[PDB]
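Below is one structure; the comments refer to it alone.
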Amino acid sequence: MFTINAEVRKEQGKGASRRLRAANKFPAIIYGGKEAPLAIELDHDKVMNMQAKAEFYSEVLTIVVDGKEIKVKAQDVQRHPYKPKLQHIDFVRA
Amino acid sequence: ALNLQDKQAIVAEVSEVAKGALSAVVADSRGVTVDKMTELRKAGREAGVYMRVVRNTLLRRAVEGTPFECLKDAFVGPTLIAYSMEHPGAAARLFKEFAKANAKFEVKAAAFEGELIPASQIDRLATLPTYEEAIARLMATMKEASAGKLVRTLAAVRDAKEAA
Amino acid sequence: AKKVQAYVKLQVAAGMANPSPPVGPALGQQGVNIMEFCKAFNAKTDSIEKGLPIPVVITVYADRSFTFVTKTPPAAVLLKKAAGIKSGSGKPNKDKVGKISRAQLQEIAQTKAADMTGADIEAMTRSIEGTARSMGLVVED
Amino acid sequence: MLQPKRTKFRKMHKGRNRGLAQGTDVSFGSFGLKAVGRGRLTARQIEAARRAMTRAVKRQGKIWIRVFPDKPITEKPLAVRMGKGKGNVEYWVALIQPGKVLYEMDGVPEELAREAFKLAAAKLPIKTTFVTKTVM
Amino acid sequence: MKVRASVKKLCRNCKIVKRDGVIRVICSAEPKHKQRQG
Amino acid sequence: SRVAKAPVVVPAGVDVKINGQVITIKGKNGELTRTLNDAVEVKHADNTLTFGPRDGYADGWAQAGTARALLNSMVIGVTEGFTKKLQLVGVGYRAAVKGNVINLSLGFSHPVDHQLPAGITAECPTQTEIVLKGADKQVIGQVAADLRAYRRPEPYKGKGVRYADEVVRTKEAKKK
RNA sequence: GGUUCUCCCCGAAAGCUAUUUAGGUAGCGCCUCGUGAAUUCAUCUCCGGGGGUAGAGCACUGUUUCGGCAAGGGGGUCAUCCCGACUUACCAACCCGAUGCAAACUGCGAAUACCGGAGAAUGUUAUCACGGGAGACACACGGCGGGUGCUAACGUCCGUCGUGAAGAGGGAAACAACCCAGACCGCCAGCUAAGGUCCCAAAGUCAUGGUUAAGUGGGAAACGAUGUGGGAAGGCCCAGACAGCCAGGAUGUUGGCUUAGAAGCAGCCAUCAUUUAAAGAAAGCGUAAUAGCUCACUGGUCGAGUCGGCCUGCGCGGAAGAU
RNA sequence: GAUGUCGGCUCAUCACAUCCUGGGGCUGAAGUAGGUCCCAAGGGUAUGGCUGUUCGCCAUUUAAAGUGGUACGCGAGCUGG
């Protein structure tokens, strides 16, 4: 359903990951096919209000990042210890 | 957006018959009281006249999508609508059956065989004569709307400008 | 809240509205005289069964104006009467204690008709089917 | 109460939590209750929570239990000072930590389960949250 | 009334109002529902 | 928020005097019919009352409807003058006004000191019928409020002073 | 118990092990003067070397629950005693897959720490032999982590560490044991830290934006609601909302049974059917109950917000003691 | 290197989570009468027995027969079974 955008990781590590979560951004990864996994940062409150509707996971997604488009679907979610907020999400190529 | 298709559909159902009608009578109640509505449905299957209770939303959207004749000024406000495509005198008698259990001054206007029918005038049409006098009254109605009306309408506009 | 309801409902067996506790206070409270209702009501009970709840309808408006409805006997009273039964099955649909044909049913529909809303004498007949079904009458064609 | 059939030994260390849980998502049920943060439950809470859920839901589905009291906990009697050996065994404890899911259901209608888990949370010594498994 | 703590809606006409630093129940179905604190 | 967007449109020959925050409504047939807005900033325009945020507050819509309601209330107030027929049910009480004092019973040997606000006047046809007089909608209901204050309609046998909206829902006595 | 002048250079320990031993004494670690004599002794970089804890997990062991299951249990059963048995309709394991858990469990396993070599830097010896002089064993508020205790206590102990003990000053409503920092003395010099920036009393009533109205701020939890504001995504949504105020609040029907009356709302059976722009045989209230109501939903009057989810600011009562 | 203890009087004092009158909501409270019930430190709040004695147990007063602290108030006031 939803058509969203991403950046390829500027900063990587735990320290780096907390400094994205400080700015209300988070990390992800897109695995599958014959080809490498593509590591990206996302924006945190853009997807949280999408995934209130079941269509983020039921229908395929337009994710445009550095001019690449490959079509993608959501997977299982990692959440912070006492917050439902997204620490990290996985994706598979579709 | 609509939630339903119903709200757009009912506009078409009403427009079809009310554009269609050979007599109709357009009246005001805004919450008709159920007792008066049940007795008028009783009497509608007797005369074979059909009767609807209907929102001013429908009428304002109906006028936009559809032109209406001689009935279209009476679409302002809360409205019940009785209408017949067949036996036109019986259509005008059902408002005279409704006057028995309610106020008779509530009609805003009517049409009868294409003629503009004012609030007082409809009470005489609604007298509904036995059959030899009916065919004759139906012919007078029609002779008026053909050739009597032409001059008449051109006259009604000069009285409104004249000021006292 | 202003506390107004129009077309208020009251409910009493056919032979017990001569005493005041079955009628309750309300018919007196909207200003409908209890003696004139008691005299009008009695005129219609010689054919009505005792202990079977008869509808009585009062209206009050916001400005304390009031209007009042007394109705022709229920379809439930006529449907028991015509099948010769005193009272209903006490179990809706599954328990049958008699039957009513449609040609009688249409006469009943015509006898309740000023209260009935239906746009057809058939539409009105289709409304009283499910009353015959509650009291254990099977509506046979 | 949920309780162990058997345990290796009768007195075991209190233990502690470091401040994280890894079983944060629902995965055995299709909806559950998360602890939010940290604390102790005396098996007395599990039971209180199960009562609460079964009285609102009754014979509608099954309950799946994700919390377990693998530790015995001793009390020191009032007549005994410290440094005179460990206490008698008193109650069994589940050690709960931030984000541990406590109770789950799946068969029962989701809203009937939702109301059953709000009831169950008042029996608990800390603030909690409904989680649904959803599609992924 | 009972003084209580934690406010809930007892009937469809509990208005529920924060007056000073105390939440008051004022009602227009029954005066019965007039709980002093929330 | 629905009622902070109503544009009011005050009528002709009604004098609406704006002191910035203080608004005074004048016209034929009453005097001192006024409102003070303190949380929100209030424009008159030509007559179409316009609502917006005041300095040193953060809340929105909340008091902007209140202002709309309170300025319109006073515009109905000066024109016709607000409703006046007050009365009470329950034996041996009365609510007969005599001057600046309203005389009623609670069996007490002291004066009850039910007294009239500086904004109102009254007179009485009968010792249980009261006509309250003025053109500010608040003061008629303020004196109405002190008169019902310990003779409010009881929820069991209903007796009390009756004005405006009322909390009694009725119960019948126990059977005898 | 008490120990009389002063200077300077250097400067501990409260752990180990025994005691007719625990406020003692000794050996040892540790402290120092002396002669002896090796950069020995240290960090990080890289070389060489080893690990089983934390965390994490459930094959294994004791298990965990849902489902599948050899099996075990419960319950109905067959005629020709008897032996035996056709006959599951059901609960929940080891295991099996998935899910929880641990110290006496481990299929898996860091970071850091360590040593001896090779390199940079610096440290008036950290470390080394032996002669002389000891002292402490009666260490504590705190960081990491665990045992113990109620993940109480100005509580109690250890591996590991700072500070004080054995160091002045700054900071809590003065203050070295807490946070900053290392008092040689002298300078009416400046800067900066932790901590502070209306007056008390040294500095911001700060510049730009958000929000509460409680003296919350500036005292803590459960819990809770139609307390209050901001935001993007989304259903309704100017074709009429939200649903106020008015009016409708229904047809069979305010249903059958029961009964005093028995409304939807005392109780039970209804768990449905009818025209409608529209009104559920009803979400919540009430003489217990006859009664009465709000209530969605419908449409006027009339012409715009509104609710469920989530991110986010701010409140509430809960928060009652010897002066 | 402890100011020397229980009991009872005298003489007190302060905290209110008030024994009671007092203003007010609900009531399955019609009213009288009560339950439920919020505010409230102002004020009044008894005696004899047995026992060393508070407490115990009993008899009695008063509309009513309170809660908590004080080096478990007070031998540089008195008084021990």
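So you can find residues: chains in the structure tokens are A, B, ... in the order shown, residues in each start at 1, and ligands are numbered from 1 in order.
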With a distance threshold of 7 Å and counting only C-alpha atoms (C1' of nucleotides), extract the residues of chain G near chain F and express them as a list in words.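 Result, ordered by chain then number: residues 211, 229, 286, 287, 292, 293, 304 and 305 of chain G.
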Export, as a PDB file, in the first residue's frame, the selected residues with N, CA and C atoms (P, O5', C5', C4', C3', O3' and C1' of nucleotides).
ATOM      1  P     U G 211       1.465  24.171  22.562  1.00  0.00           P
ATOM      2  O5'   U G 211       1.547  23.506  24.067  1.00  0.00           O
ATOM      3  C5'   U G 211       1.190  22.076  24.325  1.00  0.00           C
ATOM      4  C4'   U G 211       1.450  21.904  25.821  1.00  0.00           C
ATOM      5  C3'   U G 211       0.591  22.786  26.666  1.00  0.00           C
ATOM      6  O3'   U G 211      -0.708  22.195  26.896  1.00  0.00           O
ATOM      7  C1'   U G 211       2.848  22.904  27.356  1.00  0.00           C
ATOM      8  P     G G 229      -8.457  20.424  24.996  1.00  0.00           P
ATOM      9  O5'   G G 229      -6.928  20.752  24.463  1.00  0.00           O
ATOM     10  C5'   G G 229      -6.435  22.065  24.671  1.00  0.00           C
ATOM     11  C4'   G G 229      -4.908  22.058  24.318  1.00  0.00           C
ATOM     12  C3'   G G 229      -4.532  21.556  22.923  1.00  0.00           C
ATOM     13  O3'   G G 229      -4.798  22.434  21.828  1.00  0.00           O
ATOM     14  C1'   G G 229      -2.964  20.741  24.592  1.00  0.00           C
ATOM     15  P     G G 286     -28.957   2.904  39.440  1.00  0.00           P
ATOM     16  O5'   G G 286     -30.420   3.281  40.043  1.00  0.00           O
ATOM     17  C5'   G G 286     -30.887   4.606  40.245  1.00  0.00           C
ATOM     18  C4'   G G 286     -32.447   4.803  40.087  1.00  0.00           C
ATOM     19  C3'   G G 286     -33.339   3.691  40.670  1.00  0.00           C
ATOM     20  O3'   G G 286     -33.759   3.810  42.067  1.00  0.00           O
ATOM     21  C1'   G G 286     -33.979   4.171  38.402  1.00  0.00           C
ATOM     22  P     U G 287     -34.051   2.608  42.988  1.00  0.00           P
ATOM     23  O5'   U G 287     -35.398   3.139  43.669  1.00  0.00           O
ATOM     24  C5'   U G 287     -36.635   3.239  42.965  1.00  0.00           C
ATOM     25  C4'   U G 287     -37.840   3.390  43.859  1.00  0.00           C
ATOM     26  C3'   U G 287     -38.200   2.042  44.551  1.00  0.00           C
ATOM     27  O3'   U G 287     -37.324   1.873  45.652  1.00  0.00           O
ATOM     28  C1'   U G 287     -40.141   3.107  43.734  1.00  0.00           C
ATOM     29  P     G G 292     -44.334   5.570  31.727  1.00  0.00           P
ATOM     30  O5'   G G 292     -43.173   6.575  32.222  1.00  0.00           O
ATOM     31  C5'   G G 292     -43.336   7.928  32.670  1.00  0.00           C
ATOM     32  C4'   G G 292     -42.019   8.546  33.135  1.00  0.00           C
ATOM     33  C3'   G G 292     -40.847   8.662  32.129  1.00  0.00           C
ATOM     34  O3'   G G 292     -40.968   9.785  31.244  1.00  0.00           O
ATOM     35  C1'   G G 292     -40.087   7.808  34.182  1.00  0.00           C
ATOM     36  P     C G 293     -40.362   9.765  29.694  1.00  0.00           P
ATOM     37  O5'   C G 293     -38.814   9.667  29.987  1.00  0.00           O
ATOM     38  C5'   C G 293     -38.192  10.812  30.588  1.00  0.00           C
ATOM     39  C4'   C G 293     -36.709  10.530  30.946  1.00  0.00           C
ATOM     40  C3'   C G 293     -35.715  10.371  29.798  1.00  0.00           C
ATOM     41  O3'   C G 293     -35.320  11.597  29.121  1.00  0.00           O
ATOM     42  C1'   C G 293     -35.304   8.801  31.478  1.00  0.00           C
ATOM     43  P     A G 304     -19.460  26.034   8.664  1.00  0.00           P
ATOM     44  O5'   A G 304     -18.789  24.982   9.636  1.00  0.00           O
ATOM     45  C5'   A G 304     -18.793  25.035  11.074  1.00  0.00           C
ATOM     46  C4'   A G 304     -18.042  23.884  11.734  1.00  0.00           C
ATOM     47  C3'   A G 304     -16.675  23.642  11.186  1.00  0.00           C
ATOM     48  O3'   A G 304     -15.862  23.088  12.272  1.00  0.00           O
ATOM     49  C1'   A G 304     -18.023  21.727  10.722  1.00  0.00           C
ATOM     50  P     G G 305     -14.615  24.035  12.829  1.00  0.00           P
ATOM     51  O5'   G G 305     -13.465  22.961  13.078  1.00  0.00           O
ATOM     52  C5'   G G 305     -13.564  21.898  14.004  1.00  0.00           C
ATOM     53  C4'   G G 305     -14.730  20.962  13.910  1.00  0.00           C
ATOM     54  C3'   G G 305     -14.543  19.689  14.849  1.00  0.00           C
ATOM     55  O3'   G G 305     -14.771  19.954  16.199  1.00  0.00           O
ATOM     56  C1'   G G 305     -15.569  19.182  12.800  1.00  0.00           C
TER      57        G G 305
END
Residue set, chain A restricted to strand (DSSP E or B), as number ranges by chain: A: 3-5, 7-8, 25-31, 38-43, 61-65, 68, 72-79, 86-93
Within 9 Å of chain G, which residues of chain D come that close, and what is the closest atom pair and distance in Å for each? Count only C-alpha atoms (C1' of nucleotides) and give it as JSON lines.
{"residue": "D:4", "atom": "CA", "partner": "G:63", "partner_atom": "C1'", "distance": 7.4}
{"residue": "D:5", "atom": "CA", "partner": "G:63", "partner_atom": "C1'", "distance": 7.7}
{"residue": "D:6", "atom": "CA", "partner": "G:62", "partner_atom": "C1'", "distance": 6.4}
{"residue": "D:7", "atom": "CA", "partner": "G:62", "partner_atom": "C1'", "distance": 5.3}
{"residue": "D:8", "atom": "CA", "partner": "G:62", "partner_atom": "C1'", "distance": 5.0}
{"residue": "D:9", "atom": "CA", "partner": "G:104", "partner_atom": "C1'", "distance": 6.9}
{"residue": "D:12", "atom": "CA", "partner": "G:103", "partner_atom": "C1'", "distance": 7.0}
{"residue": "D:13", "atom": "CA", "partner": "G:103", "partner_atom": "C1'", "distance": 7.2}
{"residue": "D:14", "atom": "CA", "partner": "G:151", "partner_atom": "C1'", "distance": 8.6}
{"residue": "D:15", "atom": "CA", "partner": "G:146", "partner_atom": "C1'", "distance": 8.4}
{"residue": "D:16", "atom": "CA", "partner": "G:151", "partner_atom": "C1'", "distance": 6.8}
{"residue": "D:17", "atom": "CA", "partner": "G:151", "partner_atom": "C1'", "distance": 8.9}
{"residue": "D:22", "atom": "CA", "partner": "G:56", "partner_atom": "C1'", "distance": 9.0}
{"residue": "D:27", "atom": "CA", "partner": "G:99", "partner_atom": "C1'", "distance": 7.4}
{"residue": "D:28", "atom": "CA", "partner": "G:99", "partner_atom": "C1'", "distance": 5.4}
{"residue": "D:29", "atom": "CA", "partner": "G:99", "partner_atom": "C1'", "distance": 8.8}
{"residue": "D:39", "atom": "CA", "partner": "G:151", "partner_atom": "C1'", "distance": 8.3}
{"residue": "D:40", "atom": "CA", "partner": "G:151", "partner_atom": "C1'", "distance": 8.9}
{"residue": "D:62", "atom": "CA", "partner": "G:66", "partner_atom": "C1'", "distance": 8.7}
{"residue": "D:63", "atom": "CA", "partner": "G:66", "partner_atom": "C1'", "distance": 8.7}
{"residue": "D:64", "atom": "CA", "partner": "G:65", "partner_atom": "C1'", "distance": 6.4}
{"residue": "D:65", "atom": "CA", "partner": "G:65", "partner_atom": "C1'", "distance": 5.9}
{"residue": "D:66", "atom": "CA", "partner": "G:100", "partner_atom": "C1'", "distance": 4.9}
{"residue": "D:67", "atom": "CA", "partner": "G:100", "partner_atom": "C1'", "distance": 6.0}
{"residue": "D:68", "atom": "CA", "partner": "G:100", "partner_atom": "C1'", "distance": 6.4}
{"residue": "D:69", "atom": "CA", "partner": "G:101", "partner_atom": "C1'", "distance": 7.8}
{"residue": "D:70", "atom": "CA", "partner": "G:101", "partner_atom": "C1'", "distance": 5.7}
{"residue": "D:71", "atom": "CA", "partner": "G:102", "partner_atom": "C1'", "distance": 7.8}
{"residue": "D:75", "atom": "CA", "partner": "G:150", "partner_atom": "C1'", "distance": 8.2}
{"residue": "D:76", "atom": "CA", "partner": "G:149", "partner_atom": "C1'", "distance": 7.6}
{"residue": "D:82", "atom": "CA", "partner": "G:149", "partner_atom": "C1'", "distance": 7.4}
{"residue": "D:83", "atom": "CA", "partner": "G:148", "partner_atom": "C1'", "distance": 8.2}
{"residue": "D:86", "atom": "CA", "partner": "G:148", "partner_atom": "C1'", "distance": 7.8}
{"residue": "D:94", "atom": "CA", "partner": "G:101", "partner_atom": "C1'", "distance": 8.9}
{"residue": "D:122", "atom": "CA", "partner": "G:223", "partner_atom": "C1'", "distance": 7.5}
{"residue": "D:124", "atom": "CA", "partner": "G:222", "partner_atom": "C1'", "distance": 8.5}
{"residue": "D:125", "atom": "CA", "partner": "G:222", "partner_atom": "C1'", "distance": 6.6}
{"residue": "D:126", "atom": "CA", "partner": "G:222", "partner_atom": "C1'", "distance": 7.0}
{"residue": "D:127", "atom": "CA", "partner": "G:222", "partner_atom": "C1'", "distance": 8.0}
Show which residues sit within 9 Å of range 5-9 of chain H, as an NGL selection string. Count only C-alpha atoms (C1' of nucleotides), and ignore same-chain residues fewer than 2 positions away. :H and (52-54 or 78-80)
Using only C-alpha atoms (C1' of nucleotides), which protein or nucleic acid residues come within 12 Å of residue 68 in chain H? Drop anything in the same chain fewer than 4 positions from it, and give the result as a ChimeraX atom specification. /G:320-322 /H:14-17
Just need the residues of chain A within 7 Å of chain G, counting only C-alpha atoms (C1' of nucleotides), so spit them out as number ranges by chain. A: 45, 48-50, 52
Would you output that residue set with N, CA, C and O atoms, as a short mmCIF file (atom, residue, chain, number, x, y, z; two decimals), in the first residue's frame?
data_model
loop_
_atom_site.label_atom_id
_atom_site.label_comp_id
_atom_site.auth_asym_id
_atom_site.auth_seq_id
_atom_site.Cartn_x
_atom_site.Cartn_y
_atom_site.Cartn_z
N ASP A 45 8.77 7.72 13.15
CA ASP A 45 7.34 8.03 13.20
C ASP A 45 6.63 8.14 11.87
O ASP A 45 5.37 8.40 11.87
N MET A 48 5.41 3.88 12.02
CA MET A 48 4.70 3.52 13.24
C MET A 48 3.18 3.74 13.00
O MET A 48 2.42 3.01 13.50
N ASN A 49 2.75 4.80 12.31
CA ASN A 49 1.34 5.18 12.05
C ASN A 49 0.88 4.56 10.74
O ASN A 49 -0.28 4.69 10.43
N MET A 50 1.77 3.89 9.94
CA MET A 50 1.32 3.07 8.90
C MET A 50 0.87 1.69 9.33
O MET A 50 -0.14 1.16 8.92
N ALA A 52 -0.27 0.60 11.95
CA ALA A 52 -1.54 0.59 12.71
C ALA A 52 -2.56 -0.10 11.83
O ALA A 52 -3.43 -0.78 12.37
#
Exercise answer, chain B residues close to chain G, 10 Å and only C-alpha atoms (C1' of nucleotides), as a PyMOL selection string: chain B and resi 1-3+7-8+10-11+29-35+37-38+41+52-58+60-62+77-80
Let me see the file: selected residues, N, CA, C and O atoms, as a compact mmCIF listing (two decimals), in the first residue's frame.
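Dumped everything to selection.txt:
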# COMPACT_ATOMS: atom_id res chain seq x y z
N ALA B 1 -16.12 11.82 1.93
CA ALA B 1 -16.66 10.51 1.42
C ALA B 1 -17.94 10.11 2.18
O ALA B 1 -18.21 10.48 3.34
N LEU B 2 -18.78 9.33 1.46
CA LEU B 2 -19.76 8.46 2.04
C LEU B 2 -19.16 7.24 2.76
O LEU B 2 -18.13 6.73 2.31
N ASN B 3 -19.90 6.78 3.78
CA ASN B 3 -19.74 5.46 4.31
C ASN B 3 -20.45 4.40 3.55
O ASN B 3 -19.90 3.29 3.36
N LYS B 7 -26.65 6.51 0.65
CA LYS B 7 -26.87 7.95 0.79
C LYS B 7 -26.89 8.58 -0.62
O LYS B 7 -27.55 9.58 -0.77
N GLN B 8 -26.11 7.99 -1.60
CA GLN B 8 -26.08 8.45 -2.99
C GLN B 8 -27.26 7.76 -3.76
O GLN B 8 -27.79 8.38 -4.67
N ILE B 10 -30.45 6.74 -2.87
CA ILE B 10 -31.80 7.14 -2.50
C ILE B 10 -32.30 8.45 -3.19
O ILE B 10 -33.49 8.72 -3.35
N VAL B 11 -31.35 9.24 -3.58
CA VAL B 11 -31.32 10.48 -4.41
C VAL B 11 -31.82 10.06 -5.85
O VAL B 11 -32.76 10.58 -6.38
N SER B 29 -43.24 18.88 7.77
CA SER B 29 -43.55 18.28 9.09
C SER B 29 -42.34 18.10 9.99
O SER B 29 -42.50 18.18 11.21
N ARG B 30 -41.16 17.80 9.41
CA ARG B 30 -39.87 17.71 10.09
C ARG B 30 -39.86 16.78 11.27
O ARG B 30 -39.63 17.19 12.41
N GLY B 31 -40.16 15.48 11.12
CA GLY B 31 -40.51 14.61 12.23
C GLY B 31 -42.05 14.46 12.17
O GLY B 31 -42.69 15.21 12.79
N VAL B 32 -42.60 13.66 11.22
CA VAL B 32 -44.00 13.57 10.92
C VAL B 32 -44.96 13.01 12.04
O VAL B 32 -46.10 13.20 11.87
N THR B 33 -44.45 12.31 13.04
CA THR B 33 -45.16 11.61 14.12
C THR B 33 -45.79 10.39 13.48
O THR B 33 -46.47 10.60 12.45
N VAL B 34 -45.45 9.18 14.02
CA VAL B 34 -45.58 7.89 13.40
C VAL B 34 -47.00 7.46 13.10
O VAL B 34 -47.26 6.98 11.99
N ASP B 35 -47.95 7.73 13.99
CA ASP B 35 -49.37 7.58 13.96
C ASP B 35 -49.87 8.14 12.68
O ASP B 35 -50.51 7.47 11.92
N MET B 37 -48.18 8.96 9.79
CA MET B 37 -47.44 8.26 8.73
C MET B 37 -47.95 6.84 8.38
O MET B 37 -48.10 6.41 7.26
N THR B 38 -48.28 6.12 9.44
CA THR B 38 -48.90 4.79 9.34
C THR B 38 -50.27 4.86 8.75
O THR B 38 -50.61 3.94 8.02
N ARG B 41 -49.87 5.72 4.82
CA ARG B 41 -49.45 4.54 4.17
C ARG B 41 -50.62 3.61 3.99
O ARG B 41 -50.75 3.04 2.93
N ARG B 52 -43.23 9.22 0.39
CA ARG B 52 -41.88 9.23 0.97
C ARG B 52 -41.60 10.32 1.97
O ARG B 52 -42.12 11.41 1.76
N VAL B 53 -40.83 10.08 2.98
CA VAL B 53 -40.36 11.11 3.96
C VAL B 53 -38.88 11.32 3.86
O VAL B 53 -38.14 10.35 3.98
N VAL B 54 -38.52 12.57 3.61
CA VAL B 54 -37.24 12.76 2.92
C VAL B 54 -36.58 14.07 3.27
O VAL B 54 -37.13 15.10 3.35
N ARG B 55 -35.28 13.95 3.41
CA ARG B 55 -34.23 14.88 3.88
C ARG B 55 -33.97 15.95 2.84
O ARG B 55 -34.22 15.70 1.61
N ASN B 56 -33.66 17.14 3.29
CA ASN B 56 -33.47 18.31 2.51
C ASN B 56 -32.04 18.18 1.80
O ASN B 56 -31.86 18.65 0.73
N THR B 57 -31.10 17.40 2.32
CA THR B 57 -29.89 17.00 1.65
C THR B 57 -30.10 16.35 0.28
O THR B 57 -29.39 16.60 -0.68
N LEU B 58 -31.08 15.42 0.23
CA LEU B 58 -31.46 14.64 -0.94
C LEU B 58 -32.04 15.63 -1.94
O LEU B 58 -31.54 15.66 -3.06
N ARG B 60 -31.60 18.89 -2.14
CA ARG B 60 -30.65 19.89 -2.72
C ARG B 60 -29.68 19.24 -3.79
O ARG B 60 -29.57 19.85 -4.82
N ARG B 61 -29.15 18.04 -3.57
CA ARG B 61 -28.42 17.22 -4.49
C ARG B 61 -29.20 16.71 -5.75
O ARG B 61 -28.67 16.46 -6.85
N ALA B 62 -30.54 16.50 -5.57
CA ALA B 62 -31.54 16.10 -6.61
C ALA B 62 -31.74 17.25 -7.63
O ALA B 62 -31.66 17.06 -8.85
N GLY B 77 -36.31 23.32 2.56
CA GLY B 77 -36.74 22.82 3.83
C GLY B 77 -37.11 21.35 3.94
O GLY B 77 -37.13 20.67 2.90
N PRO B 78 -37.46 20.90 5.15
CA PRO B 78 -38.00 19.58 5.50
C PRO B 78 -39.30 19.31 4.76
O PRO B 78 -40.27 20.13 4.81
N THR B 79 -39.29 18.14 4.14
CA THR B 79 -40.28 17.74 3.20
C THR B 79 -40.70 16.29 3.27
O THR B 79 -39.89 15.44 3.04
N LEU B 80 -42.03 16.03 3.38
CA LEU B 80 -42.65 14.82 2.85
C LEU B 80 -43.29 15.10 1.43
O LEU B 80 -43.72 16.23 1.09
If you count only C-alpha atoms (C1' of nucleotides), which residues fall within 7 Å of residue 132 in chain C, apart from same-chain ones fewer than 5 positions away, as number ranges by chain? C: 79, 137-138
Quick one: write out the picked residues with N, CA, C and O atoms as a compact mmCIF listing (two decimals), in the first residue's frame?
# COMPACT_ATOMS: atom_id res chain seq x y z
N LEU C 79 -55.32 -12.98 16.88
CA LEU C 79 -54.71 -14.24 16.43
C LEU C 79 -54.93 -15.39 17.40
O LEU C 79 -55.29 -16.48 17.00
N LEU C 137 -48.15 -20.29 16.90
CA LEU C 137 -48.94 -20.50 15.70
C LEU C 137 -48.03 -20.59 14.44
O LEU C 137 -47.25 -19.66 14.15
N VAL C 138 -48.21 -21.66 13.72
CA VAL C 138 -47.56 -21.88 12.47
C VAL C 138 -48.34 -21.24 11.29
O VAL C 138 -49.53 -21.43 11.10
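With only C-alpha atoms taken into account, chain C has residues 7, 69, 113, 114, 115, 116, 117, 118, 119, 120 and 121 of chain C at most 9 Å from chain B.
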Run DSSP on the backbone and give me the residues of range 54-147 of chain F it puts in helix (DSSP H, G or I), as a list in words.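 Residues meeting the helix (DSSP H, G or I) criterion: residues 64, 65, 66, 67, 68, 69, 70, 71, 72, 73, 74, 75, 76, 77, 78, 79, 137, 138, 139, 140, 141, 142, 143, 144, 145, 146 and 147 of chain F.
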Give me, as a Markdown table, each residue of chain A that comes within 7 Å of chain D, together with its shortest interatomic pair and the distance in Å at one decimal, counting only C-alpha atoms, with rows ordered by chain and rising residue number.
| residue | atom | partner | partner_atom | distance |
| --- | --- | --- | --- | --- |
| A:57 | CA | D:135 | CA | 6.5 |
| A:75 | CA | D:136 | CA | 5.4 |
| A:76 | CA | D:136 | CA | 4.7 |
| A:79 | CA | D:24 | CA | 6.9 |
| A:81 | CA | D:99 | CA | 4.7 |
| A:82 | CA | D:36 | CA | 4.3 |
Mind checking which residues fall within 12 Å of range 21-34 of chain E, counting only C-alpha atoms (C1' of nucleotides), ignoring those fewer than 3 positions away in the same chain, and posting them as JSON, numbers by chain? {"C": [1, 2, 3], "E": [1, 2, 3, 4, 5, 6, 7, 8, 9, 10, 11, 12, 13, 14, 15, 16, 17, 18, 37, 38], "F": [152, 153, 154, 155, 156, 165, 166, 167, 168, 169, 170, 171], "G": [213, 214, 215, 216, 224, 225, 226, 227, 284, 285, 286, 292, 293, 294, 315, 316, 317, 318], "H": [25, 26, 27, 36, 37, 38]}
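If you look at CA of residue 164 in chain B and CA of residue 14 in chain F, they are 28.5 Å away from each other.
Taking only C-alpha atoms (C1' of nucleotides) into account, residue 59 in chain H lies nearest to H:47 out of the set H:40, H:47, H:11, H:1.
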